[PDB]
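Quick heads-up: it's one chain on its own, the form deposited in one PDB entry, in structure tokens.
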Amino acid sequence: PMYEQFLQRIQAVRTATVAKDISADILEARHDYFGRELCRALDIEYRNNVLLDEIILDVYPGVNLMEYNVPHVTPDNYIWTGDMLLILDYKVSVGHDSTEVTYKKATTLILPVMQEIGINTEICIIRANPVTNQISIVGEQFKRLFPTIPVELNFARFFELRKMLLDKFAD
């Protein structure tokens, strides 16, 4: 259905301006596909994106939430071991640039308020290279809890949809 919905939009599109919205949605679905598969292999609960406020309340329900300035920020997921909060962001990319951008933003926006509240937090980004299927991890505590990441990844359907868009608008 995913693939067919995209195929129908790709068939229908006429302008590059509208096509870019299809390209962006295909990129997000590829991201979501990695997330679901990564959480399956890691045997953690899949969440699409959770607000920081909701993470704080799930870990520390007694927080005096209104005493703090919680930025509106939606990391893809999180792991609460019992002692450490692992903020988890997924990336699918052949470069690391977007990983670095998200890392910095998650660092300036999340870690300050977690420090005041007293929650030990780490930013973690897991990146799949869609061409090579190699997994890159950033986050030291995450690497010690999962040195084995048994993902079974196939991005070809996403590559096909985007190739179709590249072919239609190769002007």
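For every residue, the number given is its place in the sequence shown, counted from 1.
Not pictured, yet referred to below: the form deposited with a small molecule bound.
Taking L57, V131, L27, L111 one by one, only a single residue has any non-hydrogen atom within 4.5 Å of the small molecule in the entry with it bound, and it is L27.
Within 4.5 Å of some heavy atom of the small molecule in the entry with it bound lies at least one heavy atom of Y90. The closest non-hydrogen atom of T81 lies beyond 4.5 Å of the small molecule in the entry with it bound. In the entry with it bound, no heavy atom of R36 sits within 4.5 Å of the small molecule. Put simply, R40 is far from the small molecule in the entry with it bound: not one heavy atom of it is within 4.5 Å. From the list 62 to 70, 136 to 144, 113 to 121, 28 to 36, the contact stretch for the small molecule in the entry with it bound under a 4.5 Å heavy atom rule is 28 to 36.
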